[PDB]
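Per-chain residue numbering starts at 1, and chain names A, B, C, D and E are given in the order in which the chains are listed.
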């Protein structure tokens, strides 16, 4: 009906932050 | 009534990203 | 009124996944 | 109107779990 | 219509906590 439905979906984008964390962790561990 | 109810449930899938983080961490620590 | 109210609460369970991450991290660090 | 509005706010408390993770990580790294 | 719509957006701020975790992790790893 409105963006109110997409608002929750937008939050779902937080899943990217997780890979960001591993990005730094792997940047030092490599293997 | 509508998917609006499942939308929140979908976000719950974010729980998988957590194991993904430990996956990389354990891939270097093993033990 | 309906489970729609509990749906958000259910997501709150995600707080457990956090301790799960530290569980593996501490399983290698111990101290 | 009702707690339904606070329910989402309650979930926001999950922000504490994040510091909990760093707490253990820093407990071994110190520096 | 009301803040009820912004409430979900506010939770989105949790994305900051993720960088906070890497902040401590990188504070010890540097590289």
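In the analysis below, a contact is a pair of C-beta atoms (placed from the backbone, for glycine too) under 8 Å apart; a residue touches a chain by one contact, two chains touch by 3 or more.
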item	value
Distance between the centres, which are taken as Cα means, of chain E and chain D, whole angstrom	10
Gap in Å, rounded to a whole number, between the CA centres of chain E and chain B	17
Set of chain C residues in contact with two or more other chains	8, 11, 14, 18, 21, 25
Topology of the chain contact graph, where touching chains are joined (line, ring, star, complete, other)	ring
Order of the ring members, counted from chain A so that chain B is second	A, B, C, D, E
Residues on chain E engaged by chain A in the complex (per definition of touch)	5, 8-9, 11-12, 14-15, 18-19, 21-22, 25-26, 29, 31
Chain A-facing residues of chain B, complex	3-4, 7-8, 10-11, 14, 17-18, 20-21, 24-25, 27-28
